[PDB]
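Novice: Quick one: the structure is below, questions incoming.
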Amino acid sequence: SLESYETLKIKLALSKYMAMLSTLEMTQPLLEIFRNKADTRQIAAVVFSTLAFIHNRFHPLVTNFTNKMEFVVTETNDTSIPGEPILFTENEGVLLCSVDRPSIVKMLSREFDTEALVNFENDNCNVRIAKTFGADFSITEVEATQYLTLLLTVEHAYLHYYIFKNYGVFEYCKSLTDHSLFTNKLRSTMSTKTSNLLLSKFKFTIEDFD
Amino acid sequence: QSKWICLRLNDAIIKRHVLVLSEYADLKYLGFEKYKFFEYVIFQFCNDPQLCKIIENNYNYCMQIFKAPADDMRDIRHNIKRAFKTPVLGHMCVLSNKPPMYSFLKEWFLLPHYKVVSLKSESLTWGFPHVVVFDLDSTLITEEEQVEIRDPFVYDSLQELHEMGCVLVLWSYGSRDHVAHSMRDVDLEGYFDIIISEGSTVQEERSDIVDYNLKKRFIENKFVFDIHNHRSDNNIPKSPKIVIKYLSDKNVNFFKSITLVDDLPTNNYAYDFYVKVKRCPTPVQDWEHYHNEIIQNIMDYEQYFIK
């Protein structure tokens, strides 16, 4: 399908993101790393590097980035707010961000489904048994799902940060009270590389019923 | 008039078929695993030598290089069959990503690629056949209102043609209705394979039920032929498009060659062979030289090249 190569390009950008940080400093699966305080600074650096890649692919026209900013890990509702497990802040010049690890840890736990859903295969001997006649790499779909999930999670944060930077604190608050600016906007200067951004990919809605 | 190049797949997991390329990078539309579905792929020769060099470095498939200034369907097929030592070849695939504008190839069957896996295989012959096309108009009938065969020898020769494993296709340009009476006068339903009618005219093919009396098992020979040329002339060519269409409808999927026998050279668009019928209001009984012509035309590839 014409859809097919777009899916392949999306998978390609996905893996292009994945491998670099899956090799650099990569000690253990994400869940193992995040389960404990073990190098909270490692978790911080991981998130920072993810944000760096996001800035890269959003604005690759100029690859430079201000490496300097502060990290905060917190562990309590008093320390967190629903819906935004990441929060940017600025204090008298001190640019900082804060996150609640347990929220995301709990989040990355229910990915247990399987996709017995729709058409595939074109089940045929030619498809399979024809080539049944004739003629450490360890990865799995559930882990790919988890990692893509976390990426999409960080997308929200990165957009928030970008807008806050470009428009100042007032609009930061305004947007947090109302993300309507996010509402249905591919429209941009090309420098956003808006097609690079995964909002363009898939769509969802609730129905309020009874 | 161009140089040309072709892929030959290493493993013909699907055989016989060929494709035509506008870009070497068009591969990206094909993506993973889809490449295994095509035996050959022609491309116009590289202008940039680096493209041909990358080709030469590639080991995933074999390839060939040649000149074909003869920008003709059948001549290109001849050249490729020479290059790959093969008597019979499959259909030519096309994609929504529109083909290169080699539109001199316009008049042909075009295969929407995805069908290729869906394609059946057919009982109709145990071996790959040749095919021969015929008309009614001034064709093999005597020209009077009631017609003899030009020879009963020809009458039975039509039957014996089945001994060679070859296909008989009659498309009367003449009117539909009378042909049923014609066959009732002299029936070749036991002697002939395929029947079509009402080809006489080209008509404005642009965007802007039968057998009620006697239970014939015939069809609407539907007007589905393009204007195809958008020009001021007067020609009604026999359409390989329509012919291959009805063939594959009869699940006829591969063939060695096709010949035309007709009174109009004009309708021949580079058919492999043309037999200009001699007009004949009397039984000429000349058939034996027609026989010889047809037999030698068939025999052409026994040397493995038609010449």
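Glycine also receives a Cβ, built like all others from the backbone with ideal geometry; neighbour counts cover every protein chain displayed. No lab work stands behind these numbers, since they all come straight from the coordinates.
Novice: For segment A:1-64, which helices (runs of 4 or more DSSP H) that fit wholly inside it have 3 or more residues that are within 14 Å of chain B (Cβ to nearest Cβ), out of contact with any helix residue (DSSP H, G or I) (no Cβ under 6 Å at 6 or more places or on another chain) and within 25 Å of A:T140 (Cβ to Cβ)?
Specialist: Result: A:2-23.
Novice: Then there's this: Tally up the residues in segment A:119-150 that are surrounded by 11 or more Cβ atoms within 10 Å (Cβ to Cβ), within 25 Å of A:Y17 (Cβ to Cβ) and among the β-branched types (V, I, T), please.
Specialist: Final tally of qualifying residues: 4.
Novice: Then there is this: What are the residues in segment B:24-50 that are within 14 Å of chain A (Cβ to nearest Cβ) and of a type in the set (D, E, K, R), if any?
Specialist: B:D26, B:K28, B:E33, B:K34, B:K36
Novice: To continue, here is another question. Mind checking which pairs have a first residue in segment A:134-158 that is within 14 Å of chain B (Cβ to nearest Cβ) and a second that is crowded, with 16+ Cβ neighbours inside 10 Å, Cβ under 9 Å, 6 or more apart or different chains?
Specialist: Listed by first residue and then by second, the contacts come to A:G134/B:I13; A:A135/B:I13.
Novice: Shifting gears a bit: Can you tell me which residues in segment A:161-210 are β-branched (V, I, T) and either part of a loop (DSSP other than H, G, I, E, B) or out of contact with any helix residue (DSSP H, G or I) (no Cβ under 8 Å at 6 or more places or on another chain) (or both)?
Specialist: A:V169, A:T177, A:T183, A:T189, A:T205, A:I206
Residue-by-condition table, conditions (1) within 23 Å of B:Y274 (Cα to Cα); (2) crowded, with 19+ Cβ neighbours inside 10 Å; (3) not hydrophobic (A, V, I, L, M, F, W, C):
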| position | (1), (2), (3) |
| --- | --- |
| B:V167 | yes, yes, no |
| B:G174 | yes, yes, yes |
| B:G199 | yes, yes, yes |
| B:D208 | no, no, yes |
| B:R217 | no, no, yes |
| B:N229 | yes, no, yes |
| B:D233 | yes, no, yes |
| B:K241 | yes, no, yes |
| B:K256 | yes, yes, yes |
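A quick yes/no check of all residues on (1) part of a loop (DSSP other than H, G, I, E, B); (2) of a type in the set (S, T, N, Q); (3) under 17 Å from B:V132 (Cα atoms); (4) in contact with a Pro (Cβ under 8 Å, 6 or more places away or on another chain):
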| residue | (1), (2), (3), (4) |
| --- | --- |
| B:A180 | no, no, no, no |
| B:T201 | yes, yes, no, no |
| B:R206 | yes, no, no, no |
| B:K222 | yes, no, no, no |
| B:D226 | yes, no, no, no |
| B:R231 | yes, no, no, no |
| B:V243 | no, no, yes, no |
| B:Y246 | no, no, yes, no |
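Novice: Let me ask another. Which of (1) under 20 Å from B:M101 (Cβ atoms); (2) more than 12 Å from chain A (Cβ to nearest Cβ); (3) surrounded by 12 or more Cβ atoms within 10 Å (Cβ to Cβ) does B:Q1 not meet, given it meets every other one?
Specialist: (3)
Novice: Of the conditions (1) more than 24 Å from the chain's Cα centre (by Cα); (2) surrounded by 15 or more Cβ atoms within 10 Å (Cβ to Cβ); (3) within 14 Å of chain A (Cβ to nearest Cβ), B:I14 clears all except one; give me its number.
Specialist: Looking at each condition in turn, B:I14 falls short on (1).
Novice: Can A:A116 be described as small (G, A, S), within 14 Å of chain B (Cβ to nearest Cβ), farther than 19 Å from A:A45 by Cβ and loosely packed, with under 10 Cβ neighbours inside 10 Å? Spell out the reasoning first.
Specialist: On the way: small (G, A, S): yes; within 14 Å of chain B (Cβ to nearest Cβ): no; farther than 19 Å from A:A45 by Cβ: yes; loosely packed, with under 10 Cβ neighbours inside 10 Å: yes.
When the stated conditions are applied, A:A116 does not pass them.
Novice: Quick check on my filter: what residues within segment B:71-114 are under 22 Å from B:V243 (Cβ atoms), surrounded by fewer than 15 Cβ atoms within 10 Å (Cβ to Cβ) and within 14 Å of another protein chain (Cβ to nearest Cβ)?
Specialist: Result: B:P112, single match.
Novice: Okay, next question. Of B:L7, B:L19, which residue is buried (at least 17 other Cβ atoms within 10 Å of the Cβ), within 25 Å of A:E121 (Cβ to Cβ), more than 14 Å from chain A (Cβ to nearest Cβ) and touching a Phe, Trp or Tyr at 6+ places or on another chain (Cβ under 6 Å)?
Specialist: Testing whether each residue is buried (at least 17 other Cβ atoms within 10 Å of the Cβ), within 25 Å of A:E121 (Cβ to Cβ), more than 14 Å from chain A (Cβ to nearest Cβ) and touching a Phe, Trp or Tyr at 6+ places or on another chain (Cβ under 6 Å) leaves just B:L19.
Novice: What's the number of the only condition in (1) within 14 Å of another protein chain (Cβ to nearest Cβ); (2) surrounded by 10 or more Cβ atoms within 10 Å (Cβ to Cβ) that A:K201 fails to meet?
Specialist: With respect to (1) within 14 Å of another protein chain (Cβ to nearest Cβ); (2) surrounded by 10 or more Cβ atoms within 10 Å (Cβ to Cβ), A:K201 is out only on (1).
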